[PDB]
Amino acid sequence: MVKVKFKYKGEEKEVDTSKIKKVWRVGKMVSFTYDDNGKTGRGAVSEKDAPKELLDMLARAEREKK
DNA sequence: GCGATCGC
DNA sequence: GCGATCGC
(Lines give C-alpha, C1' and ligand atoms only; values in the text may rest on other atoms or scores of the structure.)
Protein backbone atom coordinates (compact mmCIF):
# COMPACT_ATOMS: atom_id res chain seq x y z
CA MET A 1 0.00 0.00 0.00
CA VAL A 2 1.55 3.25 -1.26
CA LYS A 3 -0.42 6.46 -0.65
CA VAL A 4 0.48 9.70 -2.39
CA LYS A 5 -0.37 12.71 -0.21
CA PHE A 6 -0.75 16.09 -1.90
CA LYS A 7 -2.51 19.44 -1.66
CA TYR A 8 -5.10 20.46 -4.27
CA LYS A 9 -7.32 23.55 -4.13
CA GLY A 10 -5.94 24.05 -0.63
CA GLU A 11 -7.48 20.67 0.31
CA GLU A 12 -5.11 18.09 1.76
CA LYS A 13 -5.37 14.74 0.02
CA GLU A 14 -4.03 11.21 -0.21
CA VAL A 15 -4.57 8.83 -3.07
CA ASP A 16 -3.56 5.18 -3.38
CA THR A 17 -1.21 4.57 -6.36
CA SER A 18 -3.50 1.84 -7.65
CA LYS A 19 -6.12 4.58 -8.16
CA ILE A 20 -3.70 6.71 -10.25
CA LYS A 21 -4.39 6.83 -13.98
CA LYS A 22 -2.11 9.11 -16.01
CA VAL A 23 1.23 10.38 -14.76
CA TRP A 24 3.47 12.89 -16.54
CA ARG A 25 6.37 15.22 -15.85
CA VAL A 26 6.33 19.04 -16.04
CA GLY A 27 9.81 20.13 -15.18
CA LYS A 28 10.51 18.87 -11.67
CA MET A 29 6.72 18.46 -11.10
CA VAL A 30 5.13 14.98 -11.20
CA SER A 31 1.51 15.42 -12.24
CA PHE A 32 -1.26 12.84 -12.49
CA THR A 33 -4.93 12.05 -12.66
CA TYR A 34 -6.72 9.45 -10.49
CA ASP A 35 -10.04 7.76 -9.83
CA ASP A 36 -11.71 9.92 -7.25
CA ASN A 37 -14.75 7.81 -6.37
CA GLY A 38 -16.39 8.30 -9.74
CA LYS A 39 -14.77 11.47 -11.05
CA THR A 40 -11.28 12.14 -12.37
CA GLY A 41 -9.16 13.90 -9.84
CA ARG A 42 -5.96 15.79 -10.45
CA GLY A 43 -2.88 16.13 -8.31
CA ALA A 44 0.86 16.74 -8.41
CA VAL A 45 3.88 16.50 -6.20
CA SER A 46 7.45 17.70 -6.33
CA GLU A 47 9.73 14.89 -7.64
CA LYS A 48 11.42 14.97 -4.21
CA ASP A 49 8.17 14.19 -2.40
CA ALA A 50 7.23 11.44 -4.84
CA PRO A 51 7.38 7.90 -3.45
CA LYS A 52 9.41 5.48 -5.66
CA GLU A 53 6.18 3.78 -6.81
CA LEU A 54 4.91 7.02 -8.40
CA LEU A 55 8.31 7.57 -10.11
CA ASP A 56 8.15 3.93 -11.28
CA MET A 57 4.75 4.69 -12.87
CA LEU A 58 6.13 7.89 -14.44
CA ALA A 59 9.04 5.98 -15.97
CA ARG A 60 6.52 3.51 -17.37
CA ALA A 61 4.40 6.31 -18.85
CA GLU A 62 7.52 7.93 -20.33
CA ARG A 63 8.24 4.66 -22.21
CA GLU A 64 4.85 4.61 -23.91
CA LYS A 65 5.31 4.41 -27.67
CA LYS A 66 1.50 4.52 -27.92
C1' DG B 1 5.76 28.66 -19.46
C1' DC B 2 6.07 23.75 -19.34
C1' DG B 3 1.74 18.87 -19.63
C1' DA B 4 -2.62 17.77 -19.16
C1' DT B 5 -6.87 17.98 -17.30
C1' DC B 6 -11.29 19.37 -15.30
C1' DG B 7 -15.10 22.45 -15.03
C1' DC B 8 -16.82 25.83 -16.78
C1' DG C 1 -11.72 28.16 -25.60
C1' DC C 2 -9.78 29.08 -21.50
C1' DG C 3 -8.55 29.85 -16.35
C1' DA C 4 -7.16 27.37 -12.55
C1' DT C 5 -4.18 24.02 -11.06
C1' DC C 6 0.08 21.62 -9.67
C1' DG C 7 6.14 22.76 -8.65
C1' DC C 8 9.52 25.44 -10.11
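Quick note on labels: first sequence line is chain A, next is B, and so on, each numbered from 1. Only heavy atoms go into these numbers, but all of them, side chains included; no hydrogens, no water, no symmetry mates.
By the 4.5 Å side-chain criterion applied to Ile, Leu, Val, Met, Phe, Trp and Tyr, A:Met29 is assigned to a cluster that also includes A:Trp24, A:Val26.
Less than 4.0 Å separates DNA chain B from at least one heavy atom of each of the following residues of residues 36-66 of chain A: A:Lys39, A:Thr40, A:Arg42.
Using a 4.5 Å cut-off on side-chain heavy atoms (C-beta onward), A:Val30 and A:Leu54 make contact. With a 4.5 Å cut-off on side-chain heavy atoms, A:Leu58 and A:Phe32 do not count as touching. Counting only heavy atoms from C-beta outward, the side chains of A:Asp56 and A:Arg60 never approach each other to under 4.5 Å. Two residues are said to be in side-chain contact when any heavy atoms from C-beta on lie closer than 4.5 Å; A:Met1 and A:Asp16 meet this criterion.
No hydrogens or angles considered: nothing links the side chains of A:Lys28 and A:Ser46 as a donor-acceptor pair under 3.5 Å.
Under a cut-off of 6.0 angstrom, the local environment of NZ in A:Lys19 is sparse, with at most 12 non-hydrogen atoms contributed by other residues, nucleotides or ligands.
Where A:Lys21 and A:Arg25 each meet DNA chain B at their nearest nucleotide, the meeting point lying more 5' is that of A:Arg25.
When the side chains of ILVMFWY residues are joined at heavy-atom separations under 4.5 Å, either directly or via intervening members, A:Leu55 and A:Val2 end up in two distinct hydrophobic clusters.
Judged by the sign of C1'-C2'-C3'-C4', C:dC6 carries a north-puckered sugar. Using the sign of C1'-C2'-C3'-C4' as the criterion, B:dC2 falls on the north side of the pucker cycle.
Along DNA chain B, the stretch of nucleotides lying under 4.0 Å from any heavy atom of chain A spans, 5' to 3', B:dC2 to B:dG7.
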